[PDB]
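One chain comes next, on its own, written out as structure tokens in the form deposited in one PDB entry.
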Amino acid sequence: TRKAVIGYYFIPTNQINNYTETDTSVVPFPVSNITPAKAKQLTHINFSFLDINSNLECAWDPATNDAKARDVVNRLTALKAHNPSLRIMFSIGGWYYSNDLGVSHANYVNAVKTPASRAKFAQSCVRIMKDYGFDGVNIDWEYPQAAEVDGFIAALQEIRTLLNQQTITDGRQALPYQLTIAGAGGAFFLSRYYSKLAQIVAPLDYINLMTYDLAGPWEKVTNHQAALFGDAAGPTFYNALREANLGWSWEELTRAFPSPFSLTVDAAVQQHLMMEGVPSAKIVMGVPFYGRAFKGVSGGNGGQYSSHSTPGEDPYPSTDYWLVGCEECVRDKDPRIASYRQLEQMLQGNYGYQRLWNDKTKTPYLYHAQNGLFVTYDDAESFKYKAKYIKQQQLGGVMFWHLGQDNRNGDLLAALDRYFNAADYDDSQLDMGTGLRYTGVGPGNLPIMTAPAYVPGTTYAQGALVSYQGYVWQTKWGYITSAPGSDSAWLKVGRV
């Protein structure tokens, strides 16, 4: 099964309204930059962002000139002429619109609250899809809270129902309409809906994990924003999943959610796989086509795991653009984020940066010794390890934010495509290293075991192992006289 390669195409409204393919000062990344070859390396383009309005329907931002927008979307759907598997999805949400303190947060909450609002919303999603010529719906609410989860689930189910009907009405059995969400890639946000993950994922083709932004200036210690595995020298974090409303026992929680833990890509993937009903084939790993930069860092560790003096507020609370060599930063008025495109130029520009490598996390970083700067980012080398993990763990594919941040040659996207599909690329000897793996155990990833059948009437000592009801069970204390499922002394530890 081909791995998904899902790239976000993000275009602000003002660029839609002044769309040109011939003036990078005004549209830095027009659709013509997605050449036939790039189009064939993608399986999905997530056109981003639409919103939910005060009518509680899916909708464009109101300042959008519609003719321009329809024109931009038509350029994207024309790309399917080059790749008959390509889908142009549209995204609803994103952080700006849907975070808890976000300008449209209330509509997210309200759209999913009643059967009626859920049917109105779901219909509006399909209507927009069909009117503009999109191939599916990607919902990026960051993030429904436990109260809202049942309504969000019901909304996803309704959209799935409608999309499946529309696939049959449109003869699209060869390329059915799809439904995806952007999912949390870290335990803190994931804990909002984690307990009902199976229900959330059932209506989806893919859950695209935002396994990036795991470090940033809002954290006191500099760190890798998308470490594949952990580094014991790096910071560790409270495992918020142990507080989710699971109804699990203390042993079950502890075994599933070691705390503190390393906030890594592997952690997020394994946390999903720990739940029953979450198939690996639906999990897509997100990767960033940008780096995060920090100032006021100290020496010793190449800028890693340092205090820093980087404001965390949005917007950037000042006019000081201190990321030496970053032209895009001054245009975008924020020195804390830089595209891969720009970082590559900075690095080869003699600006004082050193590119280093963490062989535990399998990610690169830049250190600027003169100025005390640190940058965490991803590149074609870190993507070798991430692609090997996607294959080894039987994940659905990769997602990235965003296409316009690749270099002009499209090298990050090409690398992803190469690692999954090139007949002359061989990663059999790629060493995945000794970084820390997430070792929790949950109902969804119990190890296969054998044990003698439980015998009623028998008394068992502590640590005794039995098979019962198709699982392997262990006693937590001694003199156990009733059965697994019926005596809390038994812990489910394996699967027959």
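Numbers for residues come from their place in the sequence shown, where the first is 1.
Form deposited with a small molecule bound: not shown, discussed below.
Although the small molecule is omitted here, in the deposited complex none of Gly230, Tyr305 and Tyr365 has a heavy atom within 4.5 Å of it. Residue contact with the small molecule in the deposited complex: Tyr212 places a heavy atom within 4.5 Å of it. Of the heavy atoms in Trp401, some are within 4.5 Å of the small molecule in the deposited complex.
Using a 4.5 angstroms limit between non-hydrogen atoms, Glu344 is distant from the small molecule in the deposited complex. Taking non-hydrogen atoms only, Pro144 never approaches the small molecule to within 4.5 angstroms in the deposited complex. Only one of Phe49, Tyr471, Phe29, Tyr438 lies close to the small molecule in the deposited complex, with a heavy atom inside 4.5 Å, and it is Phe49.
The partner is absent here; in the deposited complex, the one residue of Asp379, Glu148, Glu158, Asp140 having a heavy atom within 4.5 Å of the small molecule is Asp140.
Only one of 92-100, 318-326, 417-425, 120-128 lies within 4.5 Å of the small molecule in the deposited complex by heavy atoms, and it is 92-100.
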